Amino acid sequence: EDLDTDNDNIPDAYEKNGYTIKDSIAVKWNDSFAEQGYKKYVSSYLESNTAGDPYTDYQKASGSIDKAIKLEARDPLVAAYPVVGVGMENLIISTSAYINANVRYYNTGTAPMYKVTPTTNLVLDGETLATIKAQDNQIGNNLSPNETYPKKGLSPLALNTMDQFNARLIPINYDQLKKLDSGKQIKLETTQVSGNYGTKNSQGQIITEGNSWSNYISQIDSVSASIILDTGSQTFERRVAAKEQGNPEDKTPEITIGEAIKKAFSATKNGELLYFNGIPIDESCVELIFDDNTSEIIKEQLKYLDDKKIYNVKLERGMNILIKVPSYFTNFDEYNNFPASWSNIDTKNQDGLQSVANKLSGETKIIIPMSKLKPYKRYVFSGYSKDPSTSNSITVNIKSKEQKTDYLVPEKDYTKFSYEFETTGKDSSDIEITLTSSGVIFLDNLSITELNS
Amino acid sequence: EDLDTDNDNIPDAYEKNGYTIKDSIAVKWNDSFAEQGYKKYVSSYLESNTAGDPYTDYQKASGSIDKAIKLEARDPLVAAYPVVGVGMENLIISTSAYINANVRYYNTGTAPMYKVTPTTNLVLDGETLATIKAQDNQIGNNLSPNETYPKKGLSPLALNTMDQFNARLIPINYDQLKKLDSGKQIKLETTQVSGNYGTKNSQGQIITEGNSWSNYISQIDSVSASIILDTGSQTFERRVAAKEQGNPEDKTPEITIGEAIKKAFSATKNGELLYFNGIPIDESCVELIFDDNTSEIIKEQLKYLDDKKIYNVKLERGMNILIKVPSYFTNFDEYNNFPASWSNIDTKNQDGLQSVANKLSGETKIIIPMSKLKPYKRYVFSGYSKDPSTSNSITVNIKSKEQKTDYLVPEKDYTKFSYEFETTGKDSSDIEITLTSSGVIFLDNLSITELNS
Amino acid sequence: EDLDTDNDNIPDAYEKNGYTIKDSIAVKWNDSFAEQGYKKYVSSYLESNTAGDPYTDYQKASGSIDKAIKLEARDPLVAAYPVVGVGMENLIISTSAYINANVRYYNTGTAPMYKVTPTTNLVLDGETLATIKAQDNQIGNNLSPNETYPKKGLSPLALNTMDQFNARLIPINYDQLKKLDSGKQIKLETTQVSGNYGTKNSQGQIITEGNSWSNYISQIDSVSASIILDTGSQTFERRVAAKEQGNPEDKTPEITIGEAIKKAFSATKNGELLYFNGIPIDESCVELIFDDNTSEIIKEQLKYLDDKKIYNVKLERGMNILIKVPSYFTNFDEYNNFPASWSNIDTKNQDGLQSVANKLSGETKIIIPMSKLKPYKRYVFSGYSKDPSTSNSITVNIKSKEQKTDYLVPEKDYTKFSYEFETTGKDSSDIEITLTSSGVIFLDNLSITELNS
Ligand SMILES: [Ca+2]
Ligand SMILES: [Ca+2]
Ligand SMILES: [Ca+2]
Ligand SMILES: [Ca+2]
Ligand SMILES: [Ca+2]
Ligand SMILES: [Ca+2]
Ligand SMILES: [Ca+2]
Ligand SMILES: [Ca+2]
Ligand SMILES: [Ca+2]
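Residues numbered from 1 in each chain as written, not as in the entry; some residues may be left out. Chains lettered and ligands numbered in written order. Part of a larger assembly, values for the part shown. Heavy atoms only, no water. Residues with missing side-chain atoms left out of burial classes, pairs and counts.

This part takes up the overall build of chain A. Looking only at helices and strands, one finds 6 helices and 24 strands in chain A. Considering only C-alpha atoms, chain A reaches an extent of 75 × 75 × 40 Å along its principal axes. (Helix = DSSP H or I, 4+ residues; strand = E, 2+ residues; numbered from the N terminus.)

What follows concerns the UniProt feature "binding site: Ca(2+) 2" (unreviewed entry) in chain A. UniProt feature "binding site: Ca(2+) 2" (unreviewed entry): in the numbering of this structure it lies at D6(A), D8(A), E15(A), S44(A), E47(A) and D57(A). The greatest C-alpha distance among the annotated residues, which extend across 52 residues, is 10.8 Å, indicating that they converge on a single site. One can find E15(A) in helix α1 (residues 12-16). For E15(A), a relative accessible area of 0% puts it in the buried group. Excluding anything up to four places from it in sequence, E15(A) contacts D6(A), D8(A), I10(A), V42(A), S43(A), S44(A), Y45(A) and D57(A). Here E47(A) lies in the loop between β2 (25-28) and α2 (57-62). Setting aside residues no more than four positions away along its own chain, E47(A) makes contact with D6(A), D8(A), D57(A) and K67(B). A distance of 3.5 Å separates a polar atom in the side chain of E47(A) from a polar atom in the side chain of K67(B). (UniProt positions renumbered as here; feature names shortened; annotations may be inferred. Buried < 20%, exposed > 50% of the residue type's maximum accessible area, 1.4 Å probe, protein only. Contact = heavy atoms within 4.5 Å. Polar contact = N/O pair within 3.5 Å; in protein donor to acceptor, adjacent residues only side chain to side chain.)

Time to look at the interface of chain B and chain A. The partner chain A presents 42 residues to the 41 residues of chain B that form the contact. Those elements giving two or more residues to the side of chain B that touches chain A turn out to be β1 (19-22), β3 (84-94), β4 (98-107), β8 (157-159) and β11 (206-207) of chain B. Counting residues per element, the side of chain B that touches chain A draws most heavily on β3(B), at 3 residues. In the side of chain B that touches chain A, the residues fall into 16 nonpolar, 19 polar and 6 charged. (Nonpolar A, V, L, I, M, F, W, Y, C, P; charged D, E, K, R; others polar.)

All names here are of chain C. Those protein atoms acting as donors to the calcium ion (ligand 8) are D6 (OD), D8 (OD), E15 (OE), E15 (OE), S44 (O), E47 (O) and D57 (OD), and they sit at 2.5 to 2.8 Å. Between consecutive donors of the calcium ion (ligand 8), the numbers of intervening residues give the motif D-x1-D-x6-E-x28-S-x2-E-x9-D. Taken as a pair, the calcium ion (ligand 8) and the calcium ion (ligand 7) lie 4.4 Å from each other and share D6 as a ligand. Of this pair, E15 sits in helix α1 (residues 12-16) while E47 sits in the loop between β2 (25-28) and α2 (57-62), placing them 32 residues apart in sequence. By relative accessible area, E47 is classed as partly exposed at 24%. (Donors = N, O, S within 2.8 Å, 3.2 Å for Na, K, Ca; no water.)

To continue, consider the packing of aromatic side chains. Enumeration according to the criterion identifies 11 aromatic pairs over all chains in this entry. Ring centres of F165(A) and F165(B) lie 5.6 Å apart, and the angle between their planes is 45 degrees; on these two criteria the pair is classed as tilted. Here the residue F165(A) occupies a position in the loop between β8 (157-159) and α3 (174-181), and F165(B) occupies one in the loop between β8 and α3 (174-181), the pair thus bridging two chains. Classification of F165(B) as partly exposed rests on a relative accessible area of 44%. A ring pair is formed by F236(B) and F276(B), whose centres lie 5.2 Å apart and whose planes are at 70 degrees; its orientation type is edge-to-face. With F236(B) in strand β13 (residues 235-241) and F276(B) in the loop between β15 (273-275) and β16 (287-290), the pair connects residues that are 40 residues apart, well separated along the chain. Neither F236(B) nor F276(B) differs from the other in exposure class; each is buried. In this structure, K22(A) packs its charged tip against the face of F33(A), placed 4.0 Å from the ring centre. (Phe/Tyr/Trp six-rings, centres within 6.5 Å; stacked < 30°, edge-to-face > 60°. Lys NZ or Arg CZ within 6 Å of the ring centre and 35° of its normal.)

For the rest of this paragraph, the subject is the sheet that holds strand β16 (residues 287-290) of chain A. Residue and element names in this part refer to chain A. One open sheet holds the 4 strands; their spatial order is β13-β12-β17-β16, and the pairing between them is mixed. Looking at strand neighbours, the two that pair on one side only are β13 (235-241) and β16, the edges of this open sheet. Ignoring strand direction, the axes of neighbouring strands in this sheet form an average angle of 20 degrees. In this sheet, strand β17 (residues 320-324) lies alongside strand β12 (residues 224-230) in parallel orientation, the contact comprising 5 bridges. Its bridge partner being in β17, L229 is matched across the sheet by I323. (Pairing = 2+ DSSP bridges. Axes fitted to C-alpha atoms, helices over the stretch in contact; angles between N-to-C directions.)

Residue and element names in this part refer to chain C. Along the chain, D8 falls in the segment before α1. Buried charged residue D8 carries no salt bridge. Nearest counter-charge: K60, at 12 Å. Beyond its immediate stretch of four places on either side in the chain, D8 contacts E15, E47, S48, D57 and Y58. (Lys, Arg positive; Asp, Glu negative; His and termini not counted. Salt bridge = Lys/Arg side-chain N within 4 Å of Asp/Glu carboxyl O.)

What follows concerns the pattern of salt bridges. All names here are of chain A. Tallied over the entire structure, the rule returns 31 salt bridges over all chains. For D230, the salt bridge identified is with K324, shortest N-O distance 2.9 Å. One end of the pair, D230, is in strand β12; the other, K324, is in strand β17, and 94 residues separate them in sequence. Residue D230 is classed as buried on the basis of its relative accessible area of 17%.

Glancing now at the relation of the copies chain B and chain A. Mapping chain B onto chain A leaves a residual RMSD of 0.0 Å; the transformation is a rotation of 51 degrees accompanied by 0.0 Å of translation along its axis. A share of only 2% of interface residues in chain B that are also interface residues in chain A marks the association as one of differing surfaces. (Least-squares fit on C-alpha atoms.)

Right, let's talk about the coordination of the calcium ion (ligand 1) for a bit. All names here are of chain A. Bound to the calcium ion (ligand 1) on the protein side are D4 (OD), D6 (OD), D8 (OD), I10 (O), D12 (OD) and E15 (OE), at distances that span 2.4 to 3.2 Å. With 6 donor atoms in place around the calcium ion (ligand 1) and angles of 64 to 165 degrees between them, the coordination shape is irregular. Mapped onto the polypeptide sequence, the residues donating to the calcium ion (ligand 1) form the spacing pattern D-x1-D-x1-D-x1-I-x1-D-x2-E. A spacing of 4.4 Å is found between the calcium ion (ligand 1) and the calcium ion (ligand 2), which share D6 as a donor. Since its relative accessible area comes to 4%, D8 is described here as buried. (Tetrahedral: all angles 85-135°; square planar, octahedral: opposite > 155°, others 65-115°.)

Residues and elements named next belong to chain C. Judged by how many residues are buried, helix α5 (residues 257-265) sits mostly within the fold: 7 of 9 residues are covered. Of the residues flanking the start of α5, the one acting as N-cap is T256, its side-chain oxygen 3.3 Å from the backbone nitrogen of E259. Of the residues one or two after α5, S266 is the one with positive phi, at around 50 degrees.

Looking now at the interface of chain C and chain A. Taken together, the contact between chain C and chain A spans 42 residues of the former and 41 residues of the latter. Within the residue set of the side of chain C that touches chain A, elements represented by two or more residues are β5 (114-123), β6 (128-133), β9 (187-196) and α4 (217-222) of chain C.

Quick look at the pairing of strand β12 (residues 224-230) of chain B now. All names here are of chain B. Of all 7 residues in β12, 6 are buried; the element is thus mostly enclosed. As defined by bridge partners, β12 adjoins β13 across 7 bridges and the pair is classed as antiparallel. For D230, the partnering residue across the bridge sits in β13 and is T235. As consecutive antiparallel partners, β12 and β13 are separated by 4 residues, and within that stretch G232 has a phi angle of approximately 75 degrees, a positive value.

Bringing the UniProt feature "binding site: Ca(2+) 3" (unreviewed entry) in chain A into the picture now. All names here are of chain A. Sequence positions flagged by UniProt for "binding site: Ca(2+) 3" (unreviewed entry) are, in local numbering, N331, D333, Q354, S355, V356 and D444. The annotated residues occupy 114 residues of the chain but converge on a single region, no pair of C-alpha atoms lying more than 10.3 Å apart. Following the sequence through the fold, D333 ends up in the loop between β18 (328-330) and β19 (358-368). Positionally, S355 belongs in the loop between β18 and β19.

As structure tokens, this is what we get:
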């Protein structure tokens, strides 16, 4: 109808159901609008800023905001939130002594952040040497998403001043140098970052002076769940709005984990498979990492669902989700990046997850060279196994810093198994993997994924 | 009706009685609204800000305030009040000499506090070495309730500057080092903290510039009673509005201590039992600590009440209440965390406080290992005893720094007994507890609670 | 009609089709208006600022903006965007030691930029010595396009102060001088530049105080493609607005690469040939340099087009295009700047690209003196070859740092061939070029172009 409780130019009936923006006006969603390229939006009819960002639902949906904001933040359920961190490129120490850093700022959010003023800590071993706020020489005027300051091809900015105006960074005593010579080196971490956001005033100009991102950080972090996606080299962090559990007046729409991922990362869905930029981010092709609360919530909710899939679990406020695209992934259909081919593989099957499976009759042993491996790193080998007989056990031998010999009992249906090991030393013993089964098994989606060192 | 004396969008009749917020409008409370999850609110019809905070009754009730504010502060009788303290994580001294601290700020209130600027004192023994206000490098942009700055996983921020811009902390003379070498160490206490609160302006943005928390601290502290709850590791401080005694024009609603606790901490009530987060905070399961004025007020009011319970005493302005969840608690029904089982215990009874009691025929002696004990600490052993005969006396022997031998005369009904002792030295004599009675007694709710060292 | 969705004084029908400004009002475009000197403008009817600059479509089209802005930015599809860089004219080092620079700012954009405050890095070899922001003494009040500060005839401005107020630039230790004496010299690069833009207020005056160019840099860079033109001595950088691919609500007009170049550089078109300032910038007379993404996009789009020309490819958002006017260019019609004439050239032909071709029967060898050559530089020799027989192969011998002997198979129609070599040392061996073919070939548009050293 024409009822607007929160006065954001979108009718309450349109917000409760689907709606789309055409010619800068909101209209009812129709299933025939998807082939033209339109997207269906849903938002709370009792709140103008469903996601908690400075931009209302209408501004996000109609694209009436800064054009450097990523389109993923045009969804009213996805918050435009800059994530900025400081990377320490180089360290210089020279005479007490003086210390200097070459650093570069990174942005992994959905919104640009003007006037970047990071605050950093200098910690050697537990003890924090100094806390430094960015001075006038170390302030970035612009920082667009998926971009750095200084940009690519430019040297990292210098940091040598402790306080305002002119100052020199200096350890308090010779003990710092004494423990530096022993073999202890210095970290750098970011405690907070200050910056501005852009709005259009009554004169049509863009102002970024009185608009502070710190006025919305606590609000966004309290009404949303965090989803992080790592692709080995690039990382993307997103916040998705979720409804309150015990609040009856909370009208935030409810979406699942897969729907939230698709909304936050704008991943193309080809019927059922989900692709980010041609890289499959489907549930069975990636590693999912959760904290204790999210893990227990998902385990509790899974038993009440017949499908029993992570992507079908309703998103809830306070969730932290990490997605790790496997470094090595083979499915015997369209991708096999392993430098060395597997042993005793039969592709003549039709019982696989997507197209076919691997009919293993005996054992499979793989020799992985360490040239394409990262030393001093923890890895996880994951896979999907199928055994209708449920009478054969699989024993696995993994070569690592400590030799691992483990046993597994496959189930009737496809079951995921993951084994964690650690590799230390580049010029060390070669990594060997072996798995032997009593009879004939089905294997699919074998992955090697890096974890924290 | 439609009479609004204070002009806060809530009718006076609705405020005097119960009311609830539905579709952003206030409506009469109905007993059938509780099963939908709604809450009943009451507030003064002669004051827009009943609790004394910057947010009016309508804004609190309808949730038109900053979303990082805890839901306990959505009650008009509970004030959104940040409680911020500075914890001194590490101390570094090195050459006169120079001193540096690694500190972290903590928030235990219901509202976020922006631009945290604490003021701290450096006291060694009585004499205050220096008073330091937080500089630009030591200011926290955001500080959400139940969160720290820097957040978990980040090193504590450094403090080495005395005055504005650039300065070095330094003792005035060698006497400081002379008495430091003797074995005297340095404390750190917070005298005041400066910060901002968030409000939405006419343009829909959030501004935290001219909004100071110091404009409301004295007002809140003068029209409210303080309730603190300690759970061994976490502490929560709340302020609950109370009416003036001699003022006839004060229309603040009157609530009891149990109702105030439930409102302030959002504790679930399962008929009669009260739980915070699964931890029972019922009157008989926790330790209640009061100052002299509150103690005498409660003792005076108890004699005029037939029920004779602390939680049924009307809350009054100026009250200070402390709740300490017992470290060890046994009730013989659903909880027994004592590492060593009790002696001569008979659970076959039906005269207990909730389900059953302990039928002790003789004596009970418990040997508590000091591995799960805190040395150099004062402890209290509390319990509930019942003796219909009223002819048997109970003598208790408690091993501590000084051996305690005390006598008790149980009453006809259940009576609470508390004994205070001190344990000194980790590698000291083991703690022994014994209590002997002439005949058969009923024992329930035995608790061991830590006190100040 | 009279429908204005974005309220920029231009009807939507006029924006969708062509329109022109007459007597400060927008009117329908007519084909008879071109002979009077009028230009046809197109812009999005759903956005007031199609290009993303602080000036709306009407202000750009009608010339209601600062008069120092170049007329190329009067097109609503071309953004008024200043490009400012710092050129290091001289370096002085003298005693640790002190360092001073003589520098001059350059502007290669379409808009003037007031209050220029560049930020620069001092890098010797990887390590960044210091980052310096322009102080009060090094700020340029005005910087017009194609102009410098200080202007021509004035000495470059001095830079010797590191921080605010008064400071002296100084290396941290003697290691800087130690590696300077070895033969390592210092670069200077610009990380960012701050400045203002001019707008007219309600009183008719021009204000450049609160108008910051950093509020529009990220917006312009995200909705436009960059085109750079280098003419050996002068460089011009432009941004041309392009539409979003997947957005159905993006109404930005679509133009080709040649049309975009003509719009951005105001190049006169004499039917088909395109001239910048009498220098032909036609597709076959210049070198086109693309990044990987633009190269693959253009290759993909070319196969779907019958004409198969770069200038007919539709411009797309995110494109980076570089145009290099060849240093030496001969076409046997109206231009031959080679100091030494070619060998075995027959101009009696009528099958050339524009007027005639070169009928080569045998081989062509050219001796190019190094007096008009730049030592330690990489060069490219390009040309167009035609062979209807398609039975003769052409072998080329190029003298350089390494002697190059390459083979080529000409096609039936005109085909472009490019060969890259490097010349090192002014007092080195003379450069020789030779190319021999089995039979009779057609040669046209022979060019020598400088590349990066
Ligand atoms: Ca609405
Ligand atoms: Ca809404
Ligand atoms: Ca498969
Ligand atoms: Ca009222
Ligand atoms: Ca009121
Ligand atoms: Ca009991
Ligand atoms: Ca228009
Ligand atoms: Ca327009
Ligand atoms: Ca020609």
